[PDB]
Amino acid sequence: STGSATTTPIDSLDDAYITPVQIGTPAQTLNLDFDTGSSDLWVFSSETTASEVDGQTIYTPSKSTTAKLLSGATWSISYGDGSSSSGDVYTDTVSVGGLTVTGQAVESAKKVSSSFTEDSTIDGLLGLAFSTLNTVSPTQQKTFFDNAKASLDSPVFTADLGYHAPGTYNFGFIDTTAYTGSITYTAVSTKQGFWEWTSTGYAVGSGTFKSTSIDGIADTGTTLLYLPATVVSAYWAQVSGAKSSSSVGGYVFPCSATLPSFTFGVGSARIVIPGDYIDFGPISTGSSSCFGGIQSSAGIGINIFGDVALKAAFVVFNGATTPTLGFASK
Ligand SMILES: NC[C@@H](O)c1ccc(F)cc1
């Protein structure tokens, strides 16, 4: 089997992407944030505290003939950005782009933190990291990808995120028309439960490539590119007027600037992020100070190849017995 679904930016800055997902019988379609940095499939629901729902589409398990309470199971998750959610668990039929999994754990939110409530466009998350990170207790549950894997033509999914435009998540096949040149594959460590890999270096604009190992994660659920302070300082030093602002919480730059590109290495291959991809617009409405899309990972403990980086590539998440990651230009 295979699946193919379009993923769409939630706003004009590409802050996140949503992908329609069919849950239950008859189908209830919710727009979920596919997150290769976490491993829980959770949704706003009929059980979510009413004051914490503001415009989201909810899953109502009582209206699904295939929903079954997973007795005694609870979940609770805290994300890198400080947001969180928790609740109980059903199993139900879940389909993405024509690919169907029966008996998928669907984690029903009883509580969500303010940032979720405040984002009416995201109805929940669909985790695509390794199932070892799944938070369901007392019986840990598998991701949609893990459940689907044995049925897929090939044990892979791909992320093709657009810049200010829709893109695609494919399951079970590699669309050879969706990228240019060849795909370069690189080793993954699953020890922390992430799609963790090591970039071979970077360049700023038309500058020379610096060969240096940068260990990080491929995370579709993180907006920005978070790299070591040395790398980030080298990037922003090429932008007149750019500075790190403790009050804003990172590097800002004059909105009048033209940003240089940023290149990262994948083995001997190179992925170029155009400068425009690094512009996240005014820090507040009407400001001439703009927020940068490359930020320091120093306070995080891990480097993060988030959407800013991933959207510049066609990315293969290879879930073979020994997982790997592939990157191509597009
Ligand atoms: N995208 C999941 C989010 O919780 C996350 C953020 C940062 C990180 F290093 C790992 C995961």
# chains A, B, ... in the order shown; residues from 1 in each chain; ligands from 1
$ residues_around --residues "residue 139 in chain A" --least-positions-apart "6" --cutoff "12 Å" --atoms "only C-alpha atoms" --output "list in words"
residues 70, 71, 72, 73, 74, 75, 89, 105, 131 and 132 of chain A
$ select_by_dssp --residues "range 108-223 of chain A" --states "strand (DSSP E or B)" --output "number ranges by chain"
A: 108-112, 124-127, 137, 156-160, 167-171, 184-187, 189, 196-204, 210-218
$ residues_near_ligand --ligand "ligand 1" --cutoff "8 Å" --atoms "only C-alpha atoms and all ligand atoms" --output "number ranges by chain"
A: 35-38, 78-81, 194, 217, 219-222, 300-304
$ residues_around --residues "range 112-124 of chain A" --least-positions-apart "5" --cutoff "7 Å" --atoms "only C-alpha atoms" --output "MDAnalysis selection string"
chainID A and resid 10 18 30:33 42:44 52:58 83:86
$ closest_residue --among "A:269, A:187, A:106, A:133" --to "residue 211 in chain A" --atoms "only C-alpha atoms"
A:269
$ select_by_dssp --residues "range 1-148 of chain A" --states "alpha helix (DSSP H)" --output "VMD selection string"
chain A and resid 114 to 117 144 to 148
$ residues_around --residues "range 309-313 of chain A" --least-positions-apart "5" --cutoff "7 Å" --atoms "only C-alpha atoms" --output "PyMOL selection string"
chain A and resi 160-163+225+271-273+327-330
$ closest_residue --among "A:148, A:96, A:214, A:159" --to "residue 267 in chain A" --atoms "only C-alpha atoms"
A:214
